[PDB]
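The figures that follow rest on heavy atoms only: side chains count, while hydrogens, waters and symmetry mates do not. Chain A is the first sequence line, chain B the second, and so forth, proteins listed ahead of strands; every chain is numbered from 1. Remember, it's 1-based here, ligands and their atoms both numbered in the order they're listed.
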Amino acid sequence: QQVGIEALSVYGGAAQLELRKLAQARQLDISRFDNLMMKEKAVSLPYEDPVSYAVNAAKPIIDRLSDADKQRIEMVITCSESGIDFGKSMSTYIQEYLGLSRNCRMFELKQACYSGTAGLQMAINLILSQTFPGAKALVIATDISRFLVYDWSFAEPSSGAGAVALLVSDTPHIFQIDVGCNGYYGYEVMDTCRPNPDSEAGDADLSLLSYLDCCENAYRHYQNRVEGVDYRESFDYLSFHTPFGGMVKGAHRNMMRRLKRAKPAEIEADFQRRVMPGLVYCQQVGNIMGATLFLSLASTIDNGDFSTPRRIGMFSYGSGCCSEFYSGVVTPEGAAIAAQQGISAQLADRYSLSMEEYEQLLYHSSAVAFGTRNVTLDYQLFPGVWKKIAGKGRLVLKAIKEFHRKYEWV
Amino acid sequence: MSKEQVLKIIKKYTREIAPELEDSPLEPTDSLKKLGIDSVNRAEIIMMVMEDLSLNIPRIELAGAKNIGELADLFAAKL
Ligand SMILES: *P(=O)(O)OCC(C)(C)[C@@H](O)C(=O)NCCC(=O)NCCS
């Protein structure tokens with residue numbers, strides 16, 4: 001049975017901060033963030049939230065569908081660690097604003113940055129079940145980092161905002177899944193967590209060690225299930241959950257040293273060939289939590305070579321923790337479709353924040369904290385940011401009125 | 001192997017990772033973070049020491065130390 005990603009679309013925010021500006025502002029040398037392969041992070045405005053990010057990521061997918069094909073979407077899974085209610089799924093708002101069928105299962109899925117992968121696997125299994133032949137699923141991984149002015153101070157440089165939408169079906173035009181080629185591994189660990197709203201706590205050192213343990217053990221489980229697979233030879237590219245690129249470089253090095261006994265120069269050449277293409281877009285948005293691996297996939301497709309079909313290995317990790325290694329294939333035709341989305345152009349067109357604007361943005365973010373009952377957003381907070389958004393057919397958060405979020409196309 | 005033998009091995013890979021500390025005295029109370037060793041390289045040092053000692057256990061079992069002396073203690077307790 002054929003299954004996988006029929007369409008993929010990204011929203012990398014309306015504004016970004018260049019991390020060199022953050023380094024300068026805190027008296028650090030530039031080399032610290034360049035060293036860690038970090039360039040820019042996306043930053044959500046007060047009039048954006050994970051719903052608006054999600055809708056903006058999915059809108060190009062839905063716009064292309066025939067009415068018949070839009071009506072075939074019968075499951076919407078929102079994957080997030082940035083939820084807005086203890087019970088109400090963001091999927092309900094997403095369905096409303098995309099105009100989807102009422103005959104649609106809707107829910108939200110949580111397991112830190114593993115959420116996206118978990119949603120994708122549930123969607124794959126809907127198609128494989130053949131319970132509703134022809135049904136499609138829409139999986140949207142969406143997350144923002146709404147720091148308020150800390151427990152979160154360790155994560156400021158790395159924590160971005162972004163969403164990636166996947167249409168999943170039996171005609172996988174973009175990414176053809178290797179069915180049943182999955183390894184997964186998890187255990188309870190306090191590496192990082194989000195025990196309060198609008199916040200994150202943890203020991204990033206423990207988290208890196210746990211990521212490395214899971215990278216090894218999830219892949220071993222896959223290897224046990226896929227006889228004769230080779231970590232170098234079977235995968236043309238590798239995409240990873242990417243908290244920052246430097247640690248993905250470290251993980252890949254650890255894997256190559258253990259599995260292939262590769263020498264340092266050989267490992268570095270392999271890194272540039274197979275792993276760097278996936279980092280390109282990640283470096284422009286920062287860690288976007290459950291969406292990051294999907295962004296890495298999109299980056300691999302756009303920035304790698306698909307003149308013949310290629311197999312991509314995928315590694316997902318979420319703190320707390322759970323992980324999965326899985327794989328699929330992209331054809332030249334699929335890569336050509338992906339290129340038409342113009343992700344690189346979208347990212348280049350975002351507003352570049354000054355450090356003054358960024359600090360103001362943080363200060364102004366308290367007005368839309370978790371649990372807000374009533375707020376009316378000022379779209380002219382930053383007139384220049386608005387000029388970049390207005391007229392593009394973007395969804396924004398207009399207001400919250402008695403906990404009901406109201407959105408507007410601008 | 002003992003706490004003091006392991007501390008020597010931690011000092012070796014620390015200097016190998018940060019060549020600028022080659023001719024610097026490192027004390028048990030020194031922390032890799034305060035020495036300027038970044039997040040990726042702090043993990044790398046742990047993994048190099050694990051491999052030197054043929055210690056094939058989960059990497060997270062070496063987490064939580066606040067200085068190199070405490071890291072030495074963690075390794076010593078595992079074998
Ligand atoms: P290190 O002291 O070089 O710090 C790394 C860094 C400044 C990116 C820092 O902001 C950080 O640790 N951020 C990442 C937190 C995180 O998501 N870690 C996950 C490891 S799996």
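- Residue A:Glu324 is tested with A:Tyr114, A:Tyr219, A:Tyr184, A:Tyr222 for a side-chain hydrogen bond (donor to acceptor under 3.5 Å, both in side chains); the sole match is A:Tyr114.
- Side-chain contact between A:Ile144 and A:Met289: absent, with no pair of heavy atoms (C-beta onward) separated by less than 4.5 Å.
- Contact of the A:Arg220 side chain with the A:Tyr185 side chain is not registered, since no non-hydrogen atoms from C-beta on lie closer than 4.5 Å.
- In this structure, of A:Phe33, A:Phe154, A:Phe244, the residue bringing a heavy atom nearest to atom 11 (C) of ligand 1 is A:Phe154.
- Between the choices A:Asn287, A:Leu208, A:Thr292, B:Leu32, the shortest heavy-atom distance to atom 17 (O) of ligand 1 belongs to A:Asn287.
- With hydrogens left out, the protein atom closest to atom 13 (N) of ligand 1 is A:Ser158 OG, 2.9 Å, a heavy atom.
- Neither the backbone nor the side chain of A:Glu156 has any atom closer than 4.0 Å to an atom of ligand 1 (non-hydrogen atoms only).
- Between the side chains of A:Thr242 and A:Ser296, not a single donor N or O lies within less than 3.5 Å of an accepting N or O.
- Of the candidates A:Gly245, A:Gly318, A:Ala204, it is A:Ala204 that places a heavy atom closest to atom 12 (O) of ligand 1.
- Two residues are said to be in side-chain contact when any heavy atoms from C-beta on lie closer than 4.5 Å; A:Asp191 and A:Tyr317 meet this criterion.
- Remark: distances from the non-hydrogen atoms of A:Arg32 to ligand 1 include one below 4.0 Å.
- If you check which protein heavy atom lies closest to atom 16 (C) of ligand 1, you get A:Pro243 CB, 4.3 Å.
- Atom 6 (C) of ligand 1 has A:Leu36 CD1, 4.0 Å as its closest protein atom, hydrogens excluded (heavy atom only).
- Atoms of ligand 1 found under 4.0 Å from any heavy atom of A:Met38, numbered from 1 in the order shown, are 8 (C).
- Residue pairs that meet the ring-ring contact (aromatic ring centres under 6.0 Å, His included) test with at least one member in residues 23-61 of chain A, sequence neighbours left out, are A:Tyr11-A:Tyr53, A:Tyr47-A:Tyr379, A:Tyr47-A:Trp386.
- Looking at A:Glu357 and A:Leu361, their side chains never come closer than 4.5 Å, going by heavy atoms from C-beta outward.
- Side-chain contact annotation: A:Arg32 with A:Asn35, donor-acceptor N/O pair under 3.5 Å absent.
- At least one N or O atom of B:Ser39, backbone or side chain, sits closer than 3.5 Å to an N or O atom of ligand 1.
- Under a 4.0 Å criterion applied to the non-hydrogen atoms of A:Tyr211, ligand 1 contributes the atoms 21 (S).
- Using a 4.5 Å heavy-atom threshold, the side chains of A:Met37 and A:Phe244 count as separate.
- Atoms of ligand 1 found under 4.0 Å from any heavy atom of A:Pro157, numbered from 1 in the order shown, are 10 (O).
- With a 4.5 Å cut-off on side-chain heavy atoms, B:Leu53 and B:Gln5 do not count as touching.
- Residue contacts with ligand 1, taken as heavy atom pairs separated by less than 4.0 Å, do not involve B:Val40 at all.
- At a heavy-atom cutoff of 4.0 Å, ligand 1 is contacted by the side chain of B:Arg42 but not by its backbone.
- In terms of polar-atom proximity, defined here as any N/O pair under 3.5 Å, A:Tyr317 makes no such contact with ligand 1.
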